[PDB]
Amino acid sequence: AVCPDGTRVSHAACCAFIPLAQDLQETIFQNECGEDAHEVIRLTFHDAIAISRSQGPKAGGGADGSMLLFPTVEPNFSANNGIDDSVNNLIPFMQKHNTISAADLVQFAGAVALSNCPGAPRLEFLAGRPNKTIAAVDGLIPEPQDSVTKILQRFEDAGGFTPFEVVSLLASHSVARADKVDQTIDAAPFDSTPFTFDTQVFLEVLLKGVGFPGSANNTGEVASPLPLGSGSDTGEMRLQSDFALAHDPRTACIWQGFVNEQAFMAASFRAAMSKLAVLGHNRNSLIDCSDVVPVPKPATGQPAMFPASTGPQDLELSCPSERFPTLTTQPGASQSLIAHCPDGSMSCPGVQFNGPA
Ligand code: HEM
Ligand SMILES: *[C@@H]1O[C@H](CO)[C@@H](O[C@@H]2O[C@H](CO)[C@@H](O)[C@H](O)[C@H]2NC(C)=O)[C@H](O)[C@H]1NC(C)=O
Ligand SMILES: *[C@H]1O[C@H](CO)[C@@H](O)[C@H](O)[C@@H]1O
Ligand SMILES: [Ca+2]
Ligand SMILES: [Ca+2]
């Protein structure tokens, strides 16, 4: 089909997603893998994973836009702390781009945001999820204090995900920060390149922790290898769950297997997101609108490297059957600050709309 702007696409129903991507980029992402991008990518996961095979449909409808349609329910569960900003940022698009369901809006916005992170894959994007659902029940969202057994069970109950798929989805912690885990600091990144969809998080979680970016007693947190921060350049945070996954026998070799394996990580993440994005639906009932997902920013192609102040002697390895790769170390004797902003500064405020969440 030919869309009103002249774009030739796969199916006419995909046309509306073109001005929606443009509006999302101009209004809240500005083609950056920044704060607003980060928040929407986390929303795609919290929207989608609130579903349970064992409890039945009444517990949640999966990737169904329930966070936007019932903005006062799920966003207020304690495990969803901080999700309110992303919901309030997307509700104005749901109202304006009113031929696209809330559910499709959430998934597509996540795809658009990810395309702004260098190295990310171009997600599949299927369309057609209905615009009506129910609010999910509490307890469906994994939490960073949870054990690996609990986490793996939640993902298996939610949609059959294997441990490989679970760690695959956690490549999203390559472009991720924490505002709520420690209330004294904001925007504590999970790797040293939170604007770049690279394998650094897999490497860095395997380094011995030496301190905390804020306080030392937060639930769900463990010591960080790069805790130094200054001004708004908050030090690296480590989640207990990421640490646990990197060392548990079920997932340790999978975790290590992504270190310095960019294309493998990105392809694996795309495969797992293809499953996540259609939870609560039959994929044979959704139309393929992948050609309207923006093409992602390419990686530079550089190998993973130890950040300065760290090196191979700091590794805490847990996979007996796979050799840890030979990596170089960035020069310098002390840690570099992790930039608060994509262009290197500390001043880059994200557009935020007020809203009901
Ligand atoms: C065991 C699984 C997971 C747990 C327990 C976990 C936990 C967390 C925590 C606690 C935060 C910090 C929020 C805050 O305090 O501000 C967060 C951030 C984030 N998570 Fe996860 N998550 C996991 C899986 C996922 C998955 C599968 C994705 C998406 C595919 C995702 C993407 C992100 C993103 C993008 C952020 C950054 C949000 C921002 O910077 O504002 N996470 N995660
Ligand atoms: C999906 O459901 C939402 C919520 O009912 C609809 O949102 C309304 O959209 C109109 C414009 O069509 C606005 O005037 C309302 O203010 C919106 N409601 C709320 C509570 O925000 C949306 O239109 C529906 N989209 C589709 C594709 O049916
Ligand atoms: C980042 O900053 C540290 C100093 O804090 C250096 O050691 C490193 O080489 C990089 O310039
Ligand atoms: Ca949902
Ligand atoms: Ca990164």
Side-chain angles (χ1 to χ4, degrees), residues 33-51 59-70 73-74 79-83 85-86 102-103 106-107 110 113-114 117 123 129 133-137 140-148 150-152 154-155 158 161 165-183 185-190 192 194-195 197 201 218-221 226 228 230 233 237-242 244-245 251 269 272-273 276-277 279-280 307-309 329-339 350:
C33 184
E35 176 91 337
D36 282 5
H38 290 167
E39 288 197 33
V40 168
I41 296 158
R42 199 195 180 212
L43 177 62
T44 76
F45 167 58
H46 290 222
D47 187 20
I49 204 69
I51 180 170
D64 66 351
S66 63
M67 293 273 183
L68 311 196
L69 295 172
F70 300 89
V73 182
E74 295 171 71
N80 288 318
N81 200 6
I83 218 53
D85 283 353
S86 57
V106 167
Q107 290 316 132
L114 276 153
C117 310
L123 292 185
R129 302 164 184 76
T133 187
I134 50 158
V137 308
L140 299 182
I141 303 302
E143 293 192 84
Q145 66 263 27
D146 288 348
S147 74
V148 169
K150 190 174 176 157
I151 293 165
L152 290 180
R154 181 74 275 285
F155 273 92
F161 292 98
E165 289 170 327
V166 171
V167 178
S168 290
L169 286 173
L170 276 170
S172 65
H173 283 192
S174 185
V175 289
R177 314 186 291 193
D179 301 337
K180 300 298 180 203
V181 174
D182 174 327
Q183 296 293 135
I185 60 187
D186 274 324
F190 296 156
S192 54
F195 308 123
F197 197 89
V201 67
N218 302 128
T219 304
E221 190 179 359
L226 299 160
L228 178 64
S230 191
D233 291 349
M237 178 165 287
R238 186 178 286 176
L239 297 185
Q240 190 272 154
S241 38
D242 285 345
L245 286 158
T251 45
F269 180 79
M273 290 286 306
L276 179 68
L279 287 189
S309 86
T329 300
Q330 293 223 70
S334 70
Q335 185 198 141
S336 298
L337 295 170
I338 300 167

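Numbering of residues begins at 1 and proceeds along the displayed sequence. Side chains are part of it too, since the values below use all heavy atoms of this structure and drop only hydrogens, waters and symmetry mates. We count ligands from 1, going down the list as the structure has it; atoms in each ligand are counted the same way.
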message = Quick one: does any side-chain atom of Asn80 pair with a main-chain N or O of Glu74 as donor and acceptor, under 3.5 Å?
response = yes

message = Could you check whether any side-chain N or O of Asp47 sits under 3.5 Å from a backbone N or O of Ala63, counting only pairs where one atom can act as donor and the other as acceptor?
response = no

request  = Might you point out which heavy atoms bring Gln240 and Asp146 nearest each other, and give the distance in Å?
outcome  = NE2-O, 3.1 Å

key: Sequence-distant partners of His38, side-chain hydrogen bond (donor to acceptor under 3.5 Å, both in side chains), two or more places apart   = none

query = Does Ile141 offer a backbone N or O that forms a donor-acceptor pair with the side chain of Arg154 under 3.5 Å?
reply = no

task = Examine distances only and state if a side-chain atom of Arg129 and a backbone atom of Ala277 form a donor-acceptor pair shorter than 3.5 Å.
result = yes

message = Below a 4.0 angstrom heavy-atom separation, can you tell me which part of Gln335, side chain or backbone, both or neither, approaches ligand 3?
response = backbone

query = If you count only heavy atoms, which residues are under 4.0 Å from ligand 1?
reply = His38, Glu39, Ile41, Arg42, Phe45, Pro142, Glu143, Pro144, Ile151, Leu169, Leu170, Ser172, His173, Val175, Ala176, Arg177, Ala178, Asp179, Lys180, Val181, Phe190, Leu239, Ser241, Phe269, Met273

ask   = Would a distance-only check, ignoring hydrogens and angles, find a side-chain to backbone donor-acceptor pair under 3.5 Å from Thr251 to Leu245?
value = yes

query = In this structure, are over 12 heavy atoms from other groups packed under 6.0 Å from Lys180 atom NZ?
reply = yes

message = Residue-level breakdown please: for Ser309 versus ligand 3, do any non-hydrogen atoms fall below 4.0 Å on the side chain, on the backbone, on both, or on neither?
response = neither

task = Tell me, please, which residues at least two apart from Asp179 pass salt bridge (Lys or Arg N to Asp or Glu O under 4.0 Å).
result = none

query = Which heavy-atom pair separates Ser334 from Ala308 by the least distance, and what is that distance?
reply = O-CB, 3.8 Å

ask   = Against heavy atoms of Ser336, which atoms of ligand 3 measure under 4.0 Å?
value = 1 (C), 2 (O), 3 (C), 5 (O), 6 (C), 8 (C), 10 (C), 11 (O)

task = Give the residue and atom name of whichever protein heavy atom lies nearest to atom 7 (O) of ligand 3, and the separation in Å to one decimal.
result = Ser334 O, 2.9 Å

query = ligand 3 and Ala308, any nitrogen or oxygen pair closer than 3.5 angstrom?
reply = no

note = Of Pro189, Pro194, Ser174, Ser192, the one forming a side-chain contact (heavy atoms from CB on, under 4.5 Å) with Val201 is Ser174

task = May I ask you to determine how many protein N/O/S atoms are under 3.0 Å from the Ca ion (ligand 4)?
result = 5

note = Taking only non-hydrogen atoms of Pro331 and a 4.0 Å limit, the atoms of ligand 3 in range are 8 (C), 9 (O)

key: Full working for side chain to side chain contact (heavy atoms under 4.5 Å, CB included) between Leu43 and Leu68   = CA-CA 10 Å; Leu43 177 62; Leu68 311 196; 4.2 Å; yes

